[PDB]
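Dumped upload-v1.txt below, it's compact mmCIF, N, CA and C atoms and all ligand atoms:
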# COMPACT_ATOMS: atom_id res chain seq x y z
N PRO E 897 5.03 -8.81 5.29
CA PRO E 897 4.25 -8.51 6.49
C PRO E 897 2.76 -8.78 6.32
N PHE E 898 2.11 -9.13 7.44
CA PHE E 898 0.78 -9.71 7.40
C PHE E 898 -0.30 -8.72 6.94
N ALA E 899 -0.16 -7.44 7.29
CA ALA E 899 -1.12 -6.45 6.82
C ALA E 899 -0.95 -6.12 5.34
N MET E 900 0.25 -6.25 4.80
CA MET E 900 0.44 -6.14 3.36
C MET E 900 -0.11 -7.35 2.61
N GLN E 901 -0.01 -8.54 3.21
CA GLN E 901 -0.67 -9.73 2.67
C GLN E 901 -2.19 -9.57 2.63
N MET E 902 -2.77 -9.07 3.72
CA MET E 902 -4.21 -8.84 3.79
C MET E 902 -4.67 -7.74 2.83
N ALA E 903 -3.86 -6.70 2.62
CA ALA E 903 -4.16 -5.69 1.62
C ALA E 903 -4.18 -6.25 0.21
N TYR E 904 -3.26 -7.14 -0.13
CA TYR E 904 -3.30 -7.73 -1.45
C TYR E 904 -4.45 -8.71 -1.64
N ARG E 905 -4.90 -9.36 -0.56
CA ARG E 905 -6.11 -10.17 -0.67
C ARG E 905 -7.38 -9.33 -0.78
N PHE E 906 -7.46 -8.16 -0.14
CA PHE E 906 -8.56 -7.23 -0.42
C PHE E 906 -8.56 -6.81 -1.88
N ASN E 907 -7.38 -6.54 -2.43
CA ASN E 907 -7.22 -6.23 -3.84
C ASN E 907 -7.69 -7.35 -4.76
N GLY E 908 -7.53 -8.61 -4.35
CA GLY E 908 -8.04 -9.75 -5.08
C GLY E 908 -9.56 -9.87 -5.18
N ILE E 909 -10.32 -9.33 -4.24
CA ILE E 909 -11.78 -9.38 -4.33
C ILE E 909 -12.38 -8.08 -4.87
N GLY E 910 -11.57 -7.18 -5.40
CA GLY E 910 -12.07 -5.96 -6.01
C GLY E 910 -12.30 -4.77 -5.09
N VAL E 911 -11.63 -4.71 -3.96
CA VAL E 911 -11.67 -3.58 -3.03
C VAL E 911 -10.28 -2.97 -2.99
N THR E 912 -10.18 -1.65 -3.01
CA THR E 912 -8.87 -1.01 -3.02
C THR E 912 -8.21 -1.13 -1.65
N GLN E 913 -6.88 -1.15 -1.64
CA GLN E 913 -6.12 -1.54 -0.45
C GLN E 913 -6.06 -0.46 0.63
N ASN E 914 -6.41 0.78 0.29
CA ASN E 914 -6.56 1.82 1.28
C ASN E 914 -7.74 1.56 2.21
N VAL E 915 -8.77 0.82 1.77
CA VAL E 915 -9.87 0.42 2.65
C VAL E 915 -9.36 -0.44 3.79
N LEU E 916 -8.49 -1.42 3.49
CA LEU E 916 -7.84 -2.22 4.52
C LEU E 916 -6.98 -1.36 5.45
N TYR E 917 -6.11 -0.51 4.88
CA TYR E 917 -5.16 0.23 5.72
C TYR E 917 -5.85 1.25 6.62
N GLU E 918 -6.91 1.89 6.14
CA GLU E 918 -7.67 2.82 6.96
C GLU E 918 -8.57 2.14 7.97
N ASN E 919 -8.96 0.89 7.76
CA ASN E 919 -9.83 0.25 8.73
C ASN E 919 -9.15 -0.91 9.45
N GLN E 920 -7.81 -0.88 9.54
CA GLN E 920 -7.01 -2.01 10.02
C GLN E 920 -7.38 -2.49 11.42
N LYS E 921 -7.58 -1.58 12.37
CA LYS E 921 -7.89 -1.99 13.73
C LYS E 921 -9.30 -2.56 13.85
N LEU E 922 -10.25 -1.99 13.13
CA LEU E 922 -11.60 -2.54 13.11
C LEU E 922 -11.64 -3.93 12.47
N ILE E 923 -10.86 -4.14 11.41
CA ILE E 923 -10.83 -5.43 10.73
C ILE E 923 -10.18 -6.50 11.61
N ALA E 924 -9.12 -6.13 12.33
CA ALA E 924 -8.49 -7.07 13.25
C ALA E 924 -9.38 -7.39 14.45
N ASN E 925 -10.18 -6.42 14.93
CA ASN E 925 -11.09 -6.70 16.03
C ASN E 925 -12.25 -7.59 15.62
N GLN E 926 -12.81 -7.37 14.43
CA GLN E 926 -13.84 -8.26 13.90
C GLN E 926 -13.34 -9.69 13.71
N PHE E 927 -12.09 -9.85 13.25
CA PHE E 927 -11.50 -11.17 13.11
C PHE E 927 -11.34 -11.87 14.46
N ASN E 928 -10.79 -11.17 15.47
CA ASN E 928 -10.58 -11.78 16.78
C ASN E 928 -11.89 -12.16 17.47
N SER E 929 -12.95 -11.36 17.27
CA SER E 929 -14.27 -11.72 17.78
C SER E 929 -14.84 -12.97 17.10
N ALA E 930 -14.68 -13.10 15.78
CA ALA E 930 -15.21 -14.28 15.11
C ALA E 930 -14.47 -15.56 15.51
N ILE E 931 -13.17 -15.46 15.77
CA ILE E 931 -12.42 -16.62 16.28
C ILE E 931 -12.91 -17.03 17.66
N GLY E 932 -13.18 -16.05 18.53
CA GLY E 932 -13.78 -16.37 19.82
C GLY E 932 -15.16 -17.00 19.75
N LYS E 933 -15.97 -16.59 18.78
CA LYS E 933 -17.27 -17.24 18.59
C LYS E 933 -17.14 -18.69 18.12
N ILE E 934 -16.17 -19.01 17.26
CA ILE E 934 -15.92 -20.42 16.90
C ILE E 934 -15.59 -21.23 18.13
N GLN E 935 -14.70 -20.69 18.96
CA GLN E 935 -14.20 -21.41 20.13
C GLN E 935 -15.30 -21.66 21.16
N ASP E 936 -16.17 -20.69 21.42
CA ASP E 936 -17.20 -21.01 22.40
C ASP E 936 -18.38 -21.77 21.80
N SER E 937 -18.59 -21.72 20.49
CA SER E 937 -19.54 -22.63 19.88
C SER E 937 -19.09 -24.08 19.91
N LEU E 938 -17.78 -24.34 19.88
CA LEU E 938 -17.31 -25.71 20.07
C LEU E 938 -17.20 -26.09 21.53
N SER E 939 -17.10 -25.13 22.44
CA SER E 939 -17.24 -25.42 23.86
C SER E 939 -18.69 -25.53 24.32
N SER E 940 -19.67 -25.16 23.48
CA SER E 940 -21.07 -25.26 23.91
C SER E 940 -21.95 -25.68 22.73
N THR E 941 -22.07 -26.99 22.53
CA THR E 941 -22.93 -27.60 21.50
C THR E 941 -23.04 -29.09 21.83
N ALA E 942 -23.64 -29.86 20.91
CA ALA E 942 -23.55 -31.31 20.99
C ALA E 942 -22.93 -31.94 19.75
N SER E 943 -23.46 -31.67 18.56
CA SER E 943 -23.26 -32.53 17.40
C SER E 943 -22.78 -31.74 16.19
N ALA E 944 -21.76 -30.89 16.38
CA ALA E 944 -21.14 -30.23 15.24
C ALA E 944 -20.35 -31.22 14.39
N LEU E 945 -19.76 -32.24 15.00
CA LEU E 945 -18.93 -33.20 14.28
C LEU E 945 -19.68 -34.48 13.95
N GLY C 1093 1.94 -3.18 -7.45
CA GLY C 1093 3.21 -3.59 -6.94
C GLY C 1093 3.41 -3.15 -5.51
N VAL C 1094 4.67 -3.12 -5.12
CA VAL C 1094 5.08 -2.86 -3.75
C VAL C 1094 6.19 -1.81 -3.77
N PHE C 1095 6.23 -0.99 -2.72
CA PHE C 1095 7.32 -0.06 -2.49
C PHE C 1095 8.50 -0.78 -1.86
N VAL C 1096 9.68 -0.66 -2.46
CA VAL C 1096 10.88 -1.30 -1.92
C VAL C 1096 12.00 -0.28 -1.77
N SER C 1097 12.87 -0.54 -0.81
CA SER C 1097 14.06 0.27 -0.59
C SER C 1097 15.31 -0.57 -0.84
N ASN C 1098 16.21 -0.05 -1.66
CA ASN C 1098 17.50 -0.71 -1.84
C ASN C 1098 18.51 -0.33 -0.76
N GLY C 1099 18.12 0.51 0.19
CA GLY C 1099 18.98 0.92 1.27
C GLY C 1099 18.98 2.42 1.47
N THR C 1100 18.98 3.17 0.38
CA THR C 1100 18.85 4.62 0.44
C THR C 1100 17.69 5.16 -0.37
N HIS C 1101 17.34 4.54 -1.49
CA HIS C 1101 16.34 5.07 -2.40
C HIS C 1101 15.12 4.16 -2.45
N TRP C 1102 13.95 4.75 -2.69
CA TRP C 1102 12.69 4.02 -2.76
C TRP C 1102 12.24 3.85 -4.21
N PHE C 1103 11.71 2.67 -4.52
CA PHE C 1103 11.23 2.31 -5.84
C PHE C 1103 9.88 1.62 -5.72
N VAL C 1104 9.28 1.32 -6.86
CA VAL C 1104 8.13 0.44 -6.94
C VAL C 1104 8.46 -0.68 -7.93
N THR C 1105 8.05 -1.90 -7.61
CA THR C 1105 8.34 -3.06 -8.44
C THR C 1105 7.13 -3.98 -8.44
N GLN C 1106 7.01 -4.80 -9.49
CA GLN C 1106 6.06 -5.91 -9.48
C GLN C 1106 6.51 -7.00 -8.50
N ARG C 1107 5.56 -7.82 -8.06
CA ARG C 1107 5.80 -8.73 -6.95
C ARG C 1107 6.58 -9.99 -7.31
N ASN C 1108 6.57 -10.44 -8.56
CA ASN C 1108 7.13 -11.74 -8.90
C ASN C 1108 8.43 -11.68 -9.67
N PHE C 1109 8.93 -10.50 -10.00
CA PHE C 1109 10.19 -10.36 -10.73
C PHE C 1109 10.74 -8.99 -10.42
N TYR C 1110 11.96 -8.91 -9.91
CA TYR C 1110 12.49 -7.64 -9.44
C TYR C 1110 12.88 -6.74 -10.61
N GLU C 1111 12.22 -5.61 -10.72
CA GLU C 1111 12.39 -4.63 -11.78
C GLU C 1111 11.99 -3.24 -11.29
N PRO C 1112 12.89 -2.51 -10.64
CA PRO C 1112 12.49 -1.28 -9.94
C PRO C 1112 12.28 -0.08 -10.85
N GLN C 1113 11.29 0.74 -10.51
CA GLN C 1113 10.89 1.90 -11.30
C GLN C 1113 10.94 3.12 -10.40
N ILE C 1114 10.94 4.30 -11.02
CA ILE C 1114 10.87 5.56 -10.29
C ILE C 1114 9.42 5.85 -9.92
N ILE C 1115 9.18 6.24 -8.67
CA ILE C 1115 7.83 6.46 -8.16
C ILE C 1115 7.29 7.77 -8.73
N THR C 1116 6.33 7.67 -9.64
CA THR C 1116 5.69 8.82 -10.25
C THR C 1116 4.21 8.81 -9.90
N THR C 1117 3.46 9.74 -10.49
CA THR C 1117 2.02 9.84 -10.27
C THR C 1117 1.22 9.01 -11.25
N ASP C 1118 1.86 8.41 -12.24
CA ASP C 1118 1.23 7.36 -13.03
C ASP C 1118 1.42 5.98 -12.41
N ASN C 1119 2.29 5.87 -11.42
CA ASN C 1119 2.59 4.63 -10.72
C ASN C 1119 1.69 4.39 -9.53
N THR C 1120 1.10 5.44 -8.98
CA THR C 1120 0.51 5.45 -7.66
C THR C 1120 -0.86 6.10 -7.74
N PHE C 1121 -1.60 6.05 -6.63
CA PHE C 1121 -2.83 6.81 -6.49
C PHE C 1121 -2.90 7.38 -5.08
N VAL C 1122 -3.63 8.48 -4.95
CA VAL C 1122 -3.75 9.24 -3.71
C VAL C 1122 -5.03 8.84 -3.01
N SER C 1123 -4.97 8.67 -1.69
CA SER C 1123 -6.18 8.45 -0.90
C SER C 1123 -5.93 8.87 0.54
N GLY C 1124 -6.54 9.96 0.98
CA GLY C 1124 -6.51 10.35 2.37
C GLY C 1124 -5.19 10.97 2.79
N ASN C 1125 -5.08 11.23 4.08
CA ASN C 1125 -3.87 11.85 4.62
C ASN C 1125 -3.09 10.87 5.48
N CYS C 1126 -1.91 11.31 5.90
CA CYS C 1126 -0.85 10.41 6.36
C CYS C 1126 -1.01 9.91 7.80
N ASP C 1127 -2.08 10.24 8.51
CA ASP C 1127 -2.16 9.86 9.91
C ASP C 1127 -2.97 8.60 10.16
N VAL C 1128 -3.50 7.96 9.11
CA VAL C 1128 -4.29 6.76 9.30
C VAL C 1128 -3.68 5.56 8.59
N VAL C 1129 -2.36 5.57 8.38
CA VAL C 1129 -1.65 4.42 7.84
C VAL C 1129 -0.53 4.07 8.81
N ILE C 1130 -0.63 2.90 9.43
CA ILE C 1130 0.43 2.40 10.29
C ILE C 1130 1.63 2.01 9.44
N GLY C 1131 2.74 2.71 9.62
CA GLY C 1131 3.97 2.37 8.95
C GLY C 1131 4.30 3.17 7.72
N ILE C 1132 3.64 4.30 7.51
CA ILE C 1132 3.87 5.15 6.34
C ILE C 1132 5.26 5.79 6.42
N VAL C 1133 5.83 6.08 5.25
CA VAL C 1133 7.21 6.49 5.09
C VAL C 1133 7.24 7.79 4.30
N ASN C 1134 8.07 8.74 4.73
CA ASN C 1134 8.28 9.99 4.01
C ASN C 1134 9.17 9.80 2.79
N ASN C 1135 8.71 10.28 1.64
CA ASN C 1135 9.47 10.26 0.39
C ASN C 1135 8.83 11.23 -0.58
N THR C 1136 9.46 11.40 -1.73
CA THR C 1136 8.98 12.29 -2.78
C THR C 1136 8.32 11.51 -3.91
N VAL C 1137 7.36 12.15 -4.57
CA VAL C 1137 6.62 11.56 -5.68
C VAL C 1137 6.83 12.46 -6.90
N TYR C 1138 7.45 11.92 -7.94
CA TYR C 1138 7.84 12.69 -9.10
C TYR C 1138 6.65 12.97 -10.02
N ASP C 1139 6.60 14.18 -10.56
CA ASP C 1139 5.67 14.50 -11.64
C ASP C 1139 6.34 14.21 -12.98
N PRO C 1140 5.76 13.35 -13.83
CA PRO C 1140 6.46 12.93 -15.04
C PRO C 1140 6.22 13.83 -16.24
N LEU C 1141 5.50 14.94 -16.07
CA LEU C 1141 5.12 15.80 -17.17
C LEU C 1141 5.56 17.24 -16.94
N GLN C 1142 5.48 17.73 -15.71
CA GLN C 1142 5.63 19.16 -15.46
C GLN C 1142 7.04 19.75 -15.62
N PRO C 1143 8.17 19.06 -15.35
CA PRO C 1143 9.47 19.69 -15.67
C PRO C 1143 9.72 19.97 -17.15
N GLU C 1144 8.96 19.38 -18.07
CA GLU C 1144 9.01 19.80 -19.47
C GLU C 1144 7.65 20.16 -20.04
N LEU C 1145 6.65 20.45 -19.20
CA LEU C 1145 5.56 21.34 -19.60
C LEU C 1145 5.59 22.48 -18.58
N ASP C 1146 6.34 23.52 -18.92
CA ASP C 1146 6.42 24.78 -18.19
C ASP C 1146 6.34 25.94 -19.17
N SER C 1147 5.81 25.68 -20.36
CA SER C 1147 5.91 26.56 -21.50
C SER C 1147 4.97 27.75 -21.41
N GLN F 1142 0.94 17.04 -24.60
CA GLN F 1142 2.00 18.01 -24.81
C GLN F 1142 1.83 18.89 -26.06
N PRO F 1143 1.76 18.38 -27.29
CA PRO F 1143 1.94 19.26 -28.45
C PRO F 1143 0.74 20.12 -28.82
N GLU F 1144 -0.28 20.22 -27.97
CA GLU F 1144 -1.36 21.18 -28.17
C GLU F 1144 -1.53 22.15 -27.01
N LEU F 1145 -1.30 21.73 -25.77
CA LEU F 1145 -1.37 22.64 -24.63
C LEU F 1145 0.04 23.14 -24.28
N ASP F 1146 0.58 23.91 -25.22
CA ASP F 1146 1.87 24.56 -25.09
C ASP F 1146 1.73 26.03 -24.68
N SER F 1147 0.76 26.32 -23.82
CA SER F 1147 0.54 27.65 -23.27
C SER F 1147 1.73 28.11 -22.42
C1 LIG E 1201 20.23 2.31 -4.68
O1 LIG E 1201 19.81 2.94 -5.93
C2 LIG E 1201 20.36 4.26 -6.11
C3 LIG E 1201 19.71 4.86 -7.34
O2 LIG E 1201 19.67 3.94 -8.42
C4 LIG E 1201 21.88 4.18 -6.20
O3 LIG E 1201 22.42 5.48 -6.36
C5 LIG E 1201 23.43 5.53 -7.40
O4 LIG E 1201 24.71 5.09 -6.87
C6 LIG E 1201 25.78 5.07 -7.83
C7 LIG E 1201 27.00 4.54 -7.10
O5 LIG E 1201 26.70 4.29 -5.73
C8 LIG E 1201 26.00 6.47 -8.40
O6 LIG E 1201 27.02 6.43 -9.38
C9 LIG E 1201 24.70 6.98 -9.00
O7 LIG E 1201 24.88 8.32 -9.47
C10 LIG E 1201 23.57 6.94 -7.97
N1 LIG E 1201 22.33 7.41 -8.55
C11 LIG E 1201 21.51 8.26 -7.92
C12 LIG E 1201 20.27 8.64 -8.65
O8 LIG E 1201 21.76 8.69 -6.80
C13 LIG E 1201 22.42 3.53 -4.92
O9 LIG E 1201 23.83 3.35 -5.00
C14 LIG E 1201 21.76 2.18 -4.66
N2 LIG E 1201 22.21 1.62 -3.40
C15 LIG E 1201 22.61 0.35 -3.26
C16 LIG E 1201 23.04 -0.06 -1.89
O10 LIG E 1201 22.62 -0.44 -4.21
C1 LIG E 1202 7.57 12.88 7.94
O1 LIG E 1202 7.40 14.25 7.60
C2 LIG E 1202 6.47 14.96 8.43
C3 LIG E 1202 6.41 16.38 7.91
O2 LIG E 1202 5.98 16.42 6.55
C4 LIG E 1202 6.88 14.90 9.90
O3 LIG E 1202 5.77 15.38 10.64
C5 LIG E 1202 6.12 16.30 11.70
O4 LIG E 1202 6.61 15.59 12.85
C6 LIG E 1202 6.99 16.42 13.96
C7 LIG E 1202 7.53 15.49 15.02
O5 LIG E 1202 6.48 14.90 15.78
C8 LIG E 1202 5.79 17.24 14.42
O6 LIG E 1202 6.19 18.13 15.46
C9 LIG E 1202 5.21 18.03 13.26
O7 LIG E 1202 4.04 18.73 13.67
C10 LIG E 1202 4.88 17.12 12.09
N1 LIG E 1202 4.39 17.89 10.96
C11 LIG E 1202 3.12 17.82 10.53
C12 LIG E 1202 2.78 18.69 9.36
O8 LIG E 1202 2.30 17.08 11.05
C13 LIG E 1202 7.22 13.47 10.34
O9 LIG E 1202 7.85 13.49 11.61
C14 LIG E 1202 8.14 12.77 9.34
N2 LIG E 1202 8.32 11.38 9.72
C15 LIG E 1202 9.48 10.88 10.16
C16 LIG E 1202 9.49 9.42 10.51
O10 LIG E 1202 10.49 11.58 10.28
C1 LIG E 1203 7.55 -2.68 13.08
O1 LIG E 1203 8.12 -3.03 14.33
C2 LIG E 1203 8.79 -1.93 14.96
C3 LIG E 1203 9.51 -2.49 16.16
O2 LIG E 1203 10.32 -3.60 15.79
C4 LIG E 1203 7.76 -0.86 15.30
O3 LIG E 1203 8.44 0.25 15.88
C5 LIG E 1203 7.03 -0.41 14.05
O4 LIG E 1203 5.94 0.43 14.39
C6 LIG E 1203 6.47 -1.61 13.27
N1 LIG E 1203 5.95 -1.19 11.98
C7 LIG E 1203 4.74 -1.54 11.54
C8 LIG E 1203 4.38 -1.06 10.18
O5 LIG E 1203 3.96 -2.20 12.22

Re-express the file's structure as structure tokens.
Ligand SMILES: *[C@@H]1O[C@H](CO)[C@@H](O[C@@H]2O[C@H](CO)[C@@H](O)[C@H](O)[C@H]2NC(C)=O)[C@H](O)[C@H]1NC(C)=O
Ligand SMILES: *[C@@H]1O[C@H](CO)[C@@H](O[C@@H]2O[C@H](CO)[C@@H](O)[C@H](O)[C@H]2NC(C)=O)[C@H](O)[C@H]1NC(C)=O
Ligand SMILES: *[C@@H]1O[C@H](CO)[C@@H](O)[C@H](O)[C@H]1NC(C)=O
Amino acid sequence: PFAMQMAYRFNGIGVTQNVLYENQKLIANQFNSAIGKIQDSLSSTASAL
Amino acid sequence: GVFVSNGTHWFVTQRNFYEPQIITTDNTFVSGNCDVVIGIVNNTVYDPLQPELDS
Amino acid sequence: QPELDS
């Protein structure tokens, strides 16, 4: 499962996995906002590529 | 490792080779209470010292 | 074990 995958990747950078599990909804909301910022930066620019 | 169920009983095992162990307090660590983990499961955690330190 | 046998 994807949240257990993300917990083990938190464990890989030296953060304990309870930090992920206790902040799961905040971490998923920060991720969805950053994906939206990528999308509208590519809908509003000139020369990224 | 990860908590796994064989169908009735819960164990802990390493991720790359199946080798199940009894869930004790040397296997695990405590953090917080049970209402802030999506998907938490009720089970028992064995003390590996106290049934034969009761002297 | 072999010292805290209280
Ligand atoms: C899951 O593991 C448990 C514990 O190792 C198994 O329980 C044992 O089952 C056998 C026969 O079914 C009994 O002779 C033992 O006494 C049981 N041990 C305990 C501690 O209860 C259980 O059978 C396993 N389940 C599956 C589906 O493999
Ligand atoms: C796991 O065990 C706990 C008790 O240790 C159960 O929590 C109770 O659940 C009922 C049903 O909603 C509540 O009325 C009680 O107030 C709860 N107790 C406490 C102390 O909060 C819980 O239901 C069990 N989980 C499952 C899936 O059965
Ligand atoms: C897994 O999905 C079931 C429904 O299929 C749901 O009831 C349960 O809350 C989910 N568990 C987790 C840990 O997300």

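Straight-line separation from CA of residue 1135 in chain C to atom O2 of ligand LIG 1201 (chain E): 14.9 Å.
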
(request) Could you please determine the separation between atom N of residue 914 in chain E and atom N of residue 1101 in chain C in Å, to one decimal place? (result) 24.1 Å

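Residue nearest ligand LIG 1202 (chain E), chosen from C:1094, C:1114, C:1122, C:1133 and counting all atoms listed in the file: C:1133.
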
(request) May I ask you to extract the residues of chain C within 6.5 Å of chain E, using all atoms listed in the file, and to give them as a PyMOL selection string? (result) chain C and resi 1128-1130

Requested write-out: N, CA and C atoms of the selected residues, as a CSV table (one decimal), in the frame of the given file:
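Output contents, as saved in again31.csv:
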chain,number,residue,atom,x,y,z
C,1128,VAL,N,-3.5,8.0,9.1
C,1128,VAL,CA,-4.3,6.8,9.3
C,1128,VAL,C,-3.7,5.6,8.6
C,1129,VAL,N,-2.4,5.6,8.4
C,1129,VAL,CA,-1.6,4.4,7.8
C,1129,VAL,C,-0.5,4.1,8.8
C,1130,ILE,N,-0.6,2.9,9.4
C,1130,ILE,CA,0.4,2.4,10.3
C,1130,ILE,C,1.6,2.0,9.4

Could the centre and edge lengths of an axis-aligned box, enclosing all atoms of ligand LIG 1203 (chain E) in the file with 4 Å extra on each side, be given in Å to one decimal as lines of an AutoDock Vina configuration file?
center_x = 7.1
center_y = -1.6
center_z = 13.2
size_x = 14.4
size_y = 12.0
size_z = 14.0

(request) Write down as a VMD selection string the residues of chain E whose backbone DSSP state falls under helix (DSSP H, G or I). (result) chain E and resid 898 to 908 913 to 918 920 to 939

Using the partial input, fill out range 913-931 of chain E with N, CA, C and O atoms; write the result as a short mmCIF file (atom, residue, chain, number, x, y, z; two decimals), in the coordinates of the input.
data_model
loop_
_atom_site.label_atom_id
_atom_site.label_comp_id
_atom_site.auth_asym_id
_atom_site.auth_seq_id
_atom_site.Cartn_x
_atom_site.Cartn_y
_atom_site.Cartn_z
N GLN E 913 -6.88 -1.15 -1.64
CA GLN E 913 -6.12 -1.54 -0.45
C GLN E 913 -6.06 -0.46 0.63
O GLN E 913 -5.75 -0.76 1.79
N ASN E 914 -6.41 0.78 0.29
CA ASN E 914 -6.56 1.82 1.28
C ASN E 914 -7.74 1.56 2.21
O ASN E 914 -7.69 1.99 3.36
N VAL E 915 -8.77 0.82 1.77
CA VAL E 915 -9.87 0.42 2.65
C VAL E 915 -9.36 -0.44 3.79
O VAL E 915 -9.68 -0.19 4.96
N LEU E 916 -8.49 -1.42 3.49
CA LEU E 916 -7.84 -2.22 4.52
C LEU E 916 -6.98 -1.36 5.45
O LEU E 916 -7.11 -1.45 6.67
N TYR E 917 -6.11 -0.51 4.88
CA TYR E 917 -5.16 0.23 5.72
C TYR E 917 -5.85 1.25 6.62
O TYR E 917 -5.47 1.41 7.78
N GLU E 918 -6.91 1.89 6.14
CA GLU E 918 -7.67 2.82 6.96
C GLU E 918 -8.57 2.14 7.97
O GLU E 918 -8.93 2.78 8.96
N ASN E 919 -8.96 0.89 7.76
CA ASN E 919 -9.83 0.25 8.73
C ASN E 919 -9.15 -0.91 9.45
O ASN E 919 -9.84 -1.81 9.90
N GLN E 920 -7.81 -0.88 9.54
CA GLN E 920 -7.01 -2.01 10.02
C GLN E 920 -7.38 -2.49 11.42
O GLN E 920 -7.52 -3.70 11.63
N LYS E 921 -7.58 -1.58 12.37
CA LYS E 921 -7.89 -1.99 13.73
C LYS E 921 -9.30 -2.56 13.85
O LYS E 921 -9.50 -3.54 14.57
N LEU E 922 -10.25 -1.99 13.13
CA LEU E 922 -11.60 -2.54 13.11
C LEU E 922 -11.64 -3.93 12.47
O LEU E 922 -12.34 -4.81 12.96
N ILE E 923 -10.86 -4.14 11.41
CA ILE E 923 -10.83 -5.43 10.73
C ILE E 923 -10.18 -6.50 11.61
O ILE E 923 -10.68 -7.63 11.70
N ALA E 924 -9.12 -6.13 12.33
CA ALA E 924 -8.49 -7.07 13.25
C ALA E 924 -9.38 -7.39 14.45
O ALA E 924 -9.41 -8.53 14.91
N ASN E 925 -10.18 -6.42 14.93
CA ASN E 925 -11.09 -6.70 16.03
C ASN E 925 -12.25 -7.59 15.62
O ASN E 925 -12.63 -8.49 16.38
N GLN E 926 -12.81 -7.37 14.43
CA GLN E 926 -13.84 -8.26 13.90
C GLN E 926 -13.34 -9.69 13.71
O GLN E 926 -14.06 -10.65 14.02
N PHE E 927 -12.09 -9.85 13.25
CA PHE E 927 -11.50 -11.17 13.11
C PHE E 927 -11.34 -11.87 14.46
O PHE E 927 -11.68 -13.06 14.60
N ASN E 928 -10.79 -11.17 15.47
CA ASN E 928 -10.58 -11.78 16.78
C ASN E 928 -11.89 -12.16 17.47
O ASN E 928 -11.97 -13.21 18.11
N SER E 929 -12.95 -11.36 17.27
CA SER E 929 -14.27 -11.72 17.78
C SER E 929 -14.84 -12.97 17.10
O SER E 929 -15.47 -13.80 17.76
N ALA E 930 -14.68 -13.10 15.78
CA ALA E 930 -15.21 -14.28 15.11
C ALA E 930 -14.47 -15.56 15.51
O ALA E 930 -15.10 -16.62 15.62
N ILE E 931 -13.17 -15.46 15.77
CA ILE E 931 -12.42 -16.62 16.28
C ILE E 931 -12.91 -17.03 17.66
O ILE E 931 -13.09 -18.24 17.94
#
